[PDB]
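Take a look at the structure below.
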Amino acid sequence: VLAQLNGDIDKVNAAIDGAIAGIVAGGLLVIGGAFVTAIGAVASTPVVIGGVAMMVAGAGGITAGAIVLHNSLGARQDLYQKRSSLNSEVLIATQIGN
Amino acid sequence: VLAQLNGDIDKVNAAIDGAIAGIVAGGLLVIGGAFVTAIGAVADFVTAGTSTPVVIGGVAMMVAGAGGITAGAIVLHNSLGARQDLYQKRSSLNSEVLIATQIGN
Amino acid sequence: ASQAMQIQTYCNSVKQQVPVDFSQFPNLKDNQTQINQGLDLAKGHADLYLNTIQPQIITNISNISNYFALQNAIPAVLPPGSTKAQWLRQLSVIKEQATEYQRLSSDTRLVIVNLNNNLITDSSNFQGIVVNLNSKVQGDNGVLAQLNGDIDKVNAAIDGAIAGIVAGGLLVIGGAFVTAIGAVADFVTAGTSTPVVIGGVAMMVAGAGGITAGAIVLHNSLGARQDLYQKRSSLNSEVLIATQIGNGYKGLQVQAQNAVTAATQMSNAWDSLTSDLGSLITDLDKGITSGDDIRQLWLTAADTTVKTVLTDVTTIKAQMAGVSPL
Amino acid sequence: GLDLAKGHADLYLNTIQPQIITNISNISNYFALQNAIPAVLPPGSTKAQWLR
Amino acid sequence: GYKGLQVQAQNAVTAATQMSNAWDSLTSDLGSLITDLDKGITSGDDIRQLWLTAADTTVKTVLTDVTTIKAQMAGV
Amino acid sequence: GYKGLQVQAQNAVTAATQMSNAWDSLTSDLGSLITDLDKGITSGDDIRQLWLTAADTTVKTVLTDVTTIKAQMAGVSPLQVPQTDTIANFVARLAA
């Protein structure tokens with residue numbers, strides 16, 4: 001079971017990674033849209049419209065990423081703890097066994 | 001207590017991993033954005049003022065990216081310290097719990 | 001190696017240790033206080049064994065040993081010379097010698113109580129010093145392992161930036177050239193080679209673009225990585241030095257455990273002497289206050305018991321023999 | 001809890017162990033007395049003083 | 001190296017102190033013996049045995065320990 | 001090689017320090033014989049005998065000191081063969 005869990009934990013680290021990328025992608029789109037907006041506020045408004053579309057999307061990915069992250073961290077911590085429990089069980093049975 | 005500490009380590013490490021991600025993606029957008037900006041600025045004195053949409057999107061990238069590099073630094077200075085606090089606190093706790101069990105044994 | 005050489009060995013080892021300075025390692029502020037406090041205490045305990053306790057035990061056994069080396073027998077039948085009034089005085093003397101020698105033994109054992117407790121506290125202090133250091137070390141390896149992955153991920157950014165700079169120069173050298181063909185063809189026949197000049201400069205501007213940007217990004221990516229592996233080689237130092245110090249204190253705790261066993265074994269030897277003298281005192285008492293065959297029975301036993309005292313005395317003397325080497 | 005444990009350990013080491021070593025001393029003395037009888041009671045000795 | 005050598009020096013003070021004191025205990029005991037003798041608490045004949053028992057036991061340890069120490073220091 | 005040489009030098013130093021100690025004992029004990037012989041000479045009868053008797057004991061101690069030094073200083077050291085490196089091992093130590 002331990003060796004299988006180790007792959008499982010590896011596998012799930014992709015979700016945590018993916019959600020971090022998401023958030024930063026989000027954050028980037030906001031820095032960008034924020035800049036494109038102040039731009040349009042000079043000149044005329046067609047671009048300001050993109051700007052907010054960009055910041056809205058940005059925040060979407062941050063809000064979605066954040067939820068995807070909470071979940072994926074939780075499902076991982078459940079695996080860690082199951083693992084550490086076995087690890088401790090192998091350790092005890094081995095010591096007692098010897 | 002153990003799950004709370006484990007959860008904060010998860011958060012502090014996710015915060016740092018994303019800080020890095022910013023620095024990485026950031027630099028890409030900077031470089032990316034400079035290629036795009038050059039292409040637009042030249043296709044701007046070719047097409048009289050047609051392609052200002054792309055010069056803008058180019059500069060916007062570099063700005064994003066740069067903010068992504070500048071942010072990922074703030075966060076990597078204000079996290080490295082807090083991560084060593086949390087691990088030391090966690091190892092402390094494991095040790096002390098074991099000592100409690102040993103006393104019982 | 002005798003029981004006293006065991007304890008000496010610990011004493012000479014502990015006395016030579018040096019207070020640790022962890023001032024370059026804020027994570028270890030507390031491990032420093034605990035160590036230097038533990039050590040100062042152990043140093044006092046070690047001095048007192050060498051200055052006081054060992055001398056007292058040895059002195060005490062010397063007195064006891066001198067007396068019973070002479071009085072190595074109990075006259076259990078009235079001896080050819082004496083009368084009965086002065087037989088019963090001879091015996092009453094010895095009874096009182098051994099009553100006095102009994103309390104001294106008991107008071108030697110109570111000193112050994114203090115010594116056992118002193119070694120045990122030291123052994124304990126060192127157990128805890130080792131445990132806390134291991135905590136800290138285990139903490140740090142958690143971090144080191146995260147710092148590692150963290151460094152690998154930044155090496156991406158640096159590789160990217162280098163890739164960007166090299167693609168930059170290539171775009172410039174190649175762009176320059178295409179611009180030169182385009183530009184020289186328009187000069188000979190204006191108009192004909194317009195998308196070439198245009199593409200040439202696109203590439204040229206883009207290139208110096210990537211070069212300038214790439215180098216910025218590289219300067220930051222190197223800075224960021226350098227902070228990371230200097231934080232990393234501080235932990236490696238912190239681990240190494242917590243480990244050396246720690247393995248020193250594992251050693252000191254084993255030297256002190258050994259001494260505990262030795263001092264316990266002294267406790268045991270003195271307990272027997274005390275108890276064997278008890279029997280002597282009993283045998284002489286009943287001996288004195290009894291009649292005929294009865295008197296003799298007790299006094300024979302007392303004699304048998306004196307040989308046992310002598311046994312016990314050689315035991316302690318073996319225990320306190322010697323001057324441990326370096 | 002620990003302090004009360006070390007209290008129990010201390011009672012063993014400083015009250016019971018010495019009582020056990022004392023018991024052994026008492027074995028030594030008891031056999032000193034047992035082996036002393038033939039010494040005090042030569043061959044032509046009576047049941048009465050064997051009993052005494 | 002510097003710290004360890006101040007610690008080594010400190011040890012040398014503590015042991016010098018204990019040795020100075022040992023000489024003191026000797027000179028004082030020898031003085032009491034002199035007083036006592038001078039006021040008839042004991043006789044040279046008393047002293048004579050106490051000094052004879054000493055040499056065969058307690059002094060033979062000091063004298064033993066001397067050639068043991070000279071040995072250690074000489075590597076023999 | 002220079003590691004092995006510094007070890008040999010550190011043993012040499014220990015042996016030379018231990019020489020120093022034994023010569024210091026001979027020195028100090030002879031100071032004691034001198035002290036006894038003097039006080040004995042300039043003294044008379046029972047006190048003479050006292051000093052002189054110690055002097056005797058000391059002279060016994062002095063021979064100890066001498067037999068100890070003589071022990072440090074006897075012997076001719078045998079040849080030491082350091083097994084050194086061959087070609088097949090050196091060519092092999094490059095390949096790794």
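Laboratory data are not the source of any read-out in this text; all were calculated from the coordinates shown. Cβ sites come from the backbone with ideal geometry, for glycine too, and all protein chains shown count toward neighbours.
Quick notes
- Helical runs assigned H by DSSP (4 residues or longer) give chain F a calculated mean residue ellipticity at 222 nm of -28500 deg cm²/dmol, each run adding -39500 (n - 2.57) before division by the residue total.
- Our coupling estimate for region C:31-37, obtained by passing each phi through the Karplus curve with A = 6.51, B = -1.76, C = 1.60 and θ = phi - 60°, is 5, 5, 4, 4, 4, 4, 5 Hz, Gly and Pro reported as x.
- Annotation: the residues B:61, A:55, sorted from fewest to most other C-beta atoms within 10 Å of their own C-beta, follow the order A:55, B:61.
- Each of C:227, C:150 was scored by other Cβ atoms within 10 Å of its Cβ. Listed from fewest to most, they are C:227, C:150.
- Over chain B, dividing the summed -39,500 (n - 2.57) contributions of all DSSP H runs of at least 4 residues by the number of residues returns a 222 nm mean residue ellipticity of -33500 deg cm²/dmol.
- Scaled against 2.2 N^0.38 Å for its residue count N, the alpha carbon radius of gyration of region C:86-207 is 3.41.
- At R0 = 41 Å, FRET efficiency that the Cβ-Cβ distance of residue C:155 and residue F:91 yields, to 0.05: 0.65
- Charge dipole (Cα centre; +1 on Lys/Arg Cβ, -1 on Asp/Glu Cβ; no other charges) of chain A amounts to roughly 80 debye.
- Derived from the Cα gyration tensor, the three semi-axes of the equivalent ellipsoid of the protein assembly as shown are 90, 37, 21 Å, largest first.
- Tail fraction, Cα-Cα pairs, region F:26-83, threshold 18 Å, whole percent: 51 percent
- Only the Cβ atoms of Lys and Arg (+1) and of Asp and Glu (-1) were treated as charged; on that basis the dipole of the protein assembly as shown about its Cα centre amounts to roughly 940 debye.
- Within a straight-line Cα-Cα reach of under 17 Å, residue C:286 can be paired with the following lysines, leaving aside sequence neighbours fewer than 8 residues apart in one chain: C:84, C:95.
- P(r) tail, region C:66-105: Cα-Cα pairs separated by more than 14 Å, 51% of all pairs.
- Straight-line reach from residue E:70: taking Cα to Cα under 28 Å and skipping same-chain neighbours fewer than 8 places apart, the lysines in range are C:15, C:43, C:317, E:60, F:39, F:60, F:70.
- From phi via Karplus (6.51, -1.76, 1.60), per-residue ³J(HN,Hα) for region C:151-165 in Hz, x at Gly/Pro: 5, 4, 5, 5, 4, 3, 4, 4, 4, x, 4, 5, 3, x, 5
- Fewest-first sequence of D:8, C:45 by Cβ atoms within 10 Å of each Cβ: D:8, C:45
- Distance-filtered residues of region F:1-22 - backbone nitrogen under 16 Å, label point 7 angstrom along residue E:71 Cα→Cβ: F:22
- Computed about its Cα centre, the charge dipole of chain C is approximately 280 debye, with only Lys, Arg, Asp and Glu carrying charge at their Cβ.
- Cα pair distances in region C:3-320, grouped into 20 Å bins until the bin that holds the longest one, percent each: 22, 25, 19, 14, 10, 7, 3, 1
- Quotient of C-alpha Rg and 2.2 N^0.38 Å, computed over chain D: 2.08
- Once the C-beta distance of residue B:3 and residue A:59 is scaled by a Förster radius of 35 Å, the resulting FRET efficiency is 0.70 to the nearest 0.05.
- For chain B, taking the reciprocal of the average inverse distance between every pair of different Cα atoms yields a Kirkwood hydrodynamic radius of 16.9 Å.
- Expressed in units of 2.2 N^0.38 Å, where N is the residue count, the Cα radius of gyration of region E:18-76 is 1.48.
- Distance between the 7 Å Cα→Cβ label points at residue B:93 and residue D:41: 7.6 nm.
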